[PDB]
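S.K.: Make a model of this:
(2 chains)
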Amino acid sequence: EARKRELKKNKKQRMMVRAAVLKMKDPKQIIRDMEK
Amino acid sequence: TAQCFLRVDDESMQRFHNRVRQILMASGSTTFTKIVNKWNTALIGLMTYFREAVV
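M.R.: Residues are numbered from 1 along each chain as shown, chains lettered A, B, ... in the order given. Below, you will see the structure:
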(Lines give C-alpha, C1' and ligand atoms only; values in the text may rest on other atoms or scores of the structure.)
Protein backbone atom coordinates (compact mmCIF):
# COMPACT_ATOMS: atom_id res chain seq x y z
CA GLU A 1 0.00 0.00 0.00
CA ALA A 2 2.85 2.37 0.85
CA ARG A 3 4.48 1.59 -2.51
CA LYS A 4 1.79 3.77 -4.09
CA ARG A 5 2.82 6.71 -1.89
CA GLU A 6 6.49 6.07 -2.67
CA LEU A 7 5.79 6.04 -6.41
CA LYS A 8 3.72 9.22 -6.05
CA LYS A 9 6.59 10.95 -4.23
CA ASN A 10 9.05 9.81 -6.90
CA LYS A 11 6.75 11.06 -9.67
CA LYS A 12 6.30 14.40 -7.91
CA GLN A 13 10.08 14.78 -7.56
CA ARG A 14 10.56 13.90 -11.24
CA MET A 15 7.87 16.38 -12.27
CA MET A 16 9.49 19.11 -10.18
CA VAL A 17 12.86 18.31 -11.75
CA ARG A 18 11.39 18.42 -15.26
CA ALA A 19 9.64 21.72 -14.53
CA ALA A 20 12.87 23.21 -13.19
CA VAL A 21 14.77 21.98 -16.25
CA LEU A 22 12.18 23.45 -18.62
CA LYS A 23 12.05 26.75 -16.70
CA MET A 24 15.78 27.33 -16.13
CA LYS A 25 16.59 27.19 -19.86
CA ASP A 26 13.05 28.23 -20.76
CA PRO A 27 12.14 30.43 -23.74
CA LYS A 28 11.63 33.24 -21.21
CA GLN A 29 14.96 32.47 -19.47
CA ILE A 30 17.43 31.04 -22.01
CA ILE A 31 16.00 31.86 -25.44
CA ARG A 32 14.75 35.20 -24.10
CA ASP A 33 18.32 35.90 -22.97
CA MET A 34 19.65 34.61 -26.31
CA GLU A 35 18.45 37.86 -27.91
CA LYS A 36 20.24 39.97 -25.28
CA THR B 1 -17.97 -51.67 13.77
CA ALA B 2 -17.63 -47.89 14.12
CA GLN B 3 -17.36 -44.55 12.32
CA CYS B 4 -14.36 -42.35 13.19
CA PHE B 5 -15.77 -38.93 12.38
CA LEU B 6 -12.84 -36.56 11.87
CA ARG B 7 -12.40 -32.80 12.18
CA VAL B 8 -9.50 -30.41 11.65
CA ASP B 9 -7.96 -29.41 14.97
CA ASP B 10 -7.72 -25.82 16.16
CA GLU B 11 -3.91 -25.94 16.07
CA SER B 12 -3.69 -26.38 12.29
CA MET B 13 -6.45 -23.78 11.99
CA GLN B 14 -4.44 -21.20 13.94
CA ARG B 15 -1.37 -22.10 11.88
CA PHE B 16 -3.35 -21.35 8.72
CA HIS B 17 -4.56 -18.08 10.26
CA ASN B 18 -0.97 -17.07 10.95
CA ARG B 19 0.06 -18.05 7.42
CA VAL B 20 -2.71 -15.96 5.84
CA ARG B 21 -1.89 -13.02 8.11
CA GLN B 22 1.81 -13.25 7.25
CA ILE B 23 1.06 -13.35 3.53
CA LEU B 24 -1.26 -10.35 3.84
CA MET B 25 1.53 -8.48 5.65
CA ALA B 26 4.04 -9.41 2.90
CA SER B 27 3.05 -6.42 0.77
CA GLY B 28 4.86 -3.41 -0.70
CA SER B 29 6.88 -5.12 -3.44
CA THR B 30 5.85 -8.79 -3.66
CA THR B 31 5.20 -9.99 -7.19
CA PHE B 32 1.84 -11.68 -7.52
CA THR B 33 3.35 -14.89 -8.92
CA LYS B 34 5.25 -15.37 -5.66
CA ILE B 35 2.06 -14.69 -3.69
CA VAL B 36 0.09 -17.29 -5.65
CA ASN B 37 2.98 -19.73 -5.19
CA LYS B 38 3.05 -19.17 -1.43
CA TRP B 39 -0.71 -19.63 -1.20
CA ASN B 40 -0.58 -22.82 -3.26
CA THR B 41 2.11 -24.08 -0.88
CA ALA B 42 -0.09 -23.17 2.09
CA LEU B 43 -3.14 -24.89 0.60
CA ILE B 44 -1.28 -28.08 -0.35
CA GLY B 45 -0.02 -27.94 3.21
CA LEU B 46 -3.60 -27.84 4.47
CA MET B 47 -5.08 -29.98 1.70
CA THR B 48 -3.35 -33.29 0.86
CA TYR B 49 -2.39 -33.69 4.56
CA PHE B 50 -5.96 -34.23 5.74
CA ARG B 51 -8.64 -34.50 3.04
CA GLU B 52 -11.54 -36.35 4.67
CA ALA B 53 -11.56 -33.80 7.50
CA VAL B 54 -11.06 -30.65 5.40
CA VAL B 55 -14.62 -31.12 4.12
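S.K.: Break down chain B into its strands, ranges please.
M.R.: For chain B, no strands are identified by DSSP state E.
S.K.: How about the residues of chain A by chain B?
M.R.: A:1, A:2, A:3 (CB under 8 Å from any CB of the partner chain). C-beta here means a position set from N, CA and C on the backbone, and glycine is covered the same way.
S.K.: Near residue 13, how many other residues are there?
M.R.: Using chain A here. 10 (other CB atoms under 10 Å in any protein chain shown).
S.K.: switch to chain B, that's the one I care about
M.R.: 11.
S.K.: State the distance from it to chain A.
M.R.: Residue B:13 is 27 Å from chain A, where distance means CB to the nearest CB, to the nearest Å.
S.K.: Could I get the full set of helices for chain B?
M.R.: Taking DSSP state H to define them, one finds helices in chain B at B:10-24, B:32-46.
S.K.: Then chain A?
M.R.: Remark: helices assigned in chain A by DSSP H are A:2-24, A:32-34.
S.K.: what residues are up against whichever residue of chain A sits closest to chain B?
M.R.: Nearest residue of chain A to chain B, counting by CB to the nearest CB: residue A:3, 5.2 Å away. By CB atoms under 8 Å, 6 or more residues apart in numbering or on different chains, the residues touching residue A:3 are B:27, B:28, B:29.
S.K.: just the buried members of the residues you listed?
M.R.: Among the contacts of residue A:3, none counts as buried by neighbour count (16 or more other CB atoms under 10 Å in any protein chain shown).
S.K.: how many other residues sit next to residue 5?
M.R.: Went with chain A since none was named. Using other CB under 10 Å, residue A:5 has 9 neighbouring residues.
S.K.: The intended chain is chain B.
M.R.: Neighbours of residue B:5 under the rule other CB under 10 Å: 7.
S.K.: Repeat that for residue A:31.
M.R.: 10.
S.K.: so residue B:23 touches residue B:35, yeah?
M.R.: Yes - counting by CB atoms under 8 Å, residue B:35 is a contact partner of residue B:23 at 6.7 Å.
S.K.: ok, back up a step: near chain A, list only the ones from the contacts of residue A:3.
M.R.: Among those, chain A is touched by B:27, B:28, B:29 when using CB under 8 Å from any CB.
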